[PDB]
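When we count neighbours, we look across all protein chains shown, and the Cβ atoms used for this are built from the backbone with ideal geometry, even at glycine. None of the figures in this text is laboratory data; all of them are computed from the coordinates on show.
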Number of protein chains: 2
Amino acid sequence: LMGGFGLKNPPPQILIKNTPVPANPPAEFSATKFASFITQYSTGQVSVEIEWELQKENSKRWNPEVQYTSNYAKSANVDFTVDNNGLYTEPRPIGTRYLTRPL
Amino acid sequence: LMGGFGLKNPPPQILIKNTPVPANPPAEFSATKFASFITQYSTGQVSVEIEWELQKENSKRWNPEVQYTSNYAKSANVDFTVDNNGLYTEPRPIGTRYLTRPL
């Protein structure tokens, strides 16, 4: 209901964890669980590649369609860009429904 | 300078004429040119087929382009349509320059 593709078998959850690295243990054995660890974290790169199939528009409509367009007029910023502080923003929601089809 | 494709050898001129059909000549010979003809005209269909080659847009631009679009708001007529008397009209000139390229 929030929109998109209902899947019986969706893309799987991908789970990641830093492996615990104990700190120095005591010199005599204790059966108590280790509470003492070397503080650490991890970083890397992730890539996602998705192939999408397209359904082409077959229309015989004579007159021009409504299209999504950026405003041609001047402004202080460009839509869907960073500002002078480096903050990327999205000016508005963009749906998918522009082209038309007979009912 | 009015725009378009300069051609050394353009599409040729296609010339058409109704063939003259004399009216009834006099019963004695005259060498004078016929001035008297059966009035007629012609009608038919004409087809023109042009193949156009396209140059695709390769851009890496991140933000959306300016696009030609029809206005989404309501109005009394639809652009590029006939009116209630059957008169087809063109609301405005449409150029070709919307997509962008680096210089």
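Summary table
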quantity: Cβ-Cβ under 7 Å pairs, at least 6 apart or on other chains, the stretch B:14-37 side of a type in the set (F, W, Y), far side surrounded by 10 or more Cβ atoms within 10 Å (Cβ to Cβ) and in a strand (DSSP E or B); calculated: B:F34/B:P22; B:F37/B:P22
quantity: Scan of the stretch B:27-71 for residues that are more than 29 Å from A:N77 (Cβ to Cβ) and either in contact with a strand residue (DSSP E or B) (Cβ under 8 Å, 6 or more places away or on another chain) or surrounded by 10 or more Cβ atoms within 10 Å (Cβ to Cβ) (or both), ordered by number; calculated: B:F34, B:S36, B:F37, B:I38
quantity: Any hit, the stretch B:38-49, residues being of a type in the set (D, E, K, R), over 30 Å from A:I94 (Cβ atoms) and within 14 Å of chain A (Cβ to nearest Cβ); calculated: no
quantity: Residue match in the stretch B:53-66 (condition: polar (S, T, N, Q), facing chain A (nearest Cβ under 10 Å) and in a loop (DSSP other than H, G, I, E, B)); calculated: yes
quantity: Restricting the stretch A:40-72 to residues that are hydroxyl-bearing (S, T, Y) and in contact (Cβ under 8 Å) with a residue 24 or more places away in the chain, the residue that is farthest from B:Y68 (Cα to Cα); calculated: A:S42
quantity: Positions within the stretch A:42-101 being within 20 Å of B:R61 (Cβ to Cβ), in contact with a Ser or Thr (Cβ under 8 Å, 6 or more places away or on another chain) and of a type in the set (D, E), in sequence order; calculated: A:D79, A:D83
quantity: Residue count for the stretch A:67-99, restricted to those that are of a type in the set (S, T, Y) and more than 8 Å from chain B (Cβ to nearest Cβ); calculated: 5
quantity: All positions within the stretch B:72-103 that are surrounded by 11 or more Cβ atoms within 10 Å (Cβ to Cβ) and more than 22 Å from the chain's Cα centre (by Cα); calculated: B:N77, B:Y98, B:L99, B:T100
